[PDB]
């Protein structure tokens, strides 16, 4: 078969890019290793930036989000006795964030695509990329036991952290920057009313805790745990008792608990690769960079990469300006590093790190006291949280 743009991965990155391209008249094919329900089983992101909200609207897949998403104007940080609210809307100059689950965004995009009739091959096994630097690259894969070949002009690697795309670039061509954190996040999804109308990030001596939500009758909670923990060692009971222990008494007493729908541990990591492209292969989303969940930047960075790729591909196709695709990495990397810095900062001030001396503990506390007490400090958090402008 043949197409214009081959997309590896049917996660939100690939589906969004595919939708934007299809709409602009650029044919694309999406190859996914797993099945539709496997993809739909991933409970991940809950917070979207305005830029991503507008892109969904531009892709024409915002009906349900507009109806079901929750717009938030503030967020809270609880630390050593106090709870401080950051008014995102006034400190950022009017911007807000939207709480709408990643499973939901994915479902909406999958429906949009199924209806458009664009090509999507699930269970595409053994995907391999070829002739990345030639004029006619191609992808080979197996559907059943037959190896099919797909010819194309460009390939977008939207296959996540463990995808084949990033592995397909000569190692010597890429420079990696990575930081692994000595802890993960144990998350629990429950069909219970959230404890607050806004998110609560808590720095507690026992470790980090976070109170989030998906809707008015569905919550998502997290607690920082050592990388040596097993989710099977965390019963629902143990989770709730631990969560309550890390929250302000007044918050903990309002908590409606309940049986988990999902429980999993996500280890924290920072990862960036430079550049984000090779020949006719362009990386997007988790395939090029990972940010710890603390700043709620991952999916939002994927959205900006995609927005940039989509627009550079449009110029190349409709305007015949193929030369602009060479500036893809420079453009994306500017935003990526800024968000990595914020996610890193958020992570360092909200979590309890092992083997930290007295001095560094006091500084972590003072960082919070200063940034949450200064008008200028609050503004740096707010403008970064709502999302820095797209370039």
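Numbering follows the first chain given and starts at 1.
Averaged over their C-alpha atoms, the temperature factors of 226 to 234 and 306 to 314 are higher for 226 to 234. Comparing 357 to 365 with 337 to 345, the higher mean C-alpha B-factor in the PDB entry belongs to 357 to 365.
Sorting 108, 250, 286, 178 by the CA temperature factor given in the entry leaves 250 at the top. The maximum CA B-factor among the listed residues 151, 142, 242, 76, taken from the PDB record, is found at 142.
Per the deposited record, the Cα B-factor of residue 269 falls in the lowest third when ranked against the other modelled residues of its chain.
The entry lists a Cα temperature factor for residue 159 that places it in the lowest third of the chain's modelled residues. Residue 81 sits in the highest third of its chain by CA B factor, as recorded in the PDB entry.
Ranked by C-alpha B-factor against the other modelled residues of its chain, residue 1 falls in the highest third. In the deposited entry, the Cα temperature factor of residue 26 places it in the highest third of its chain's modelled residues.
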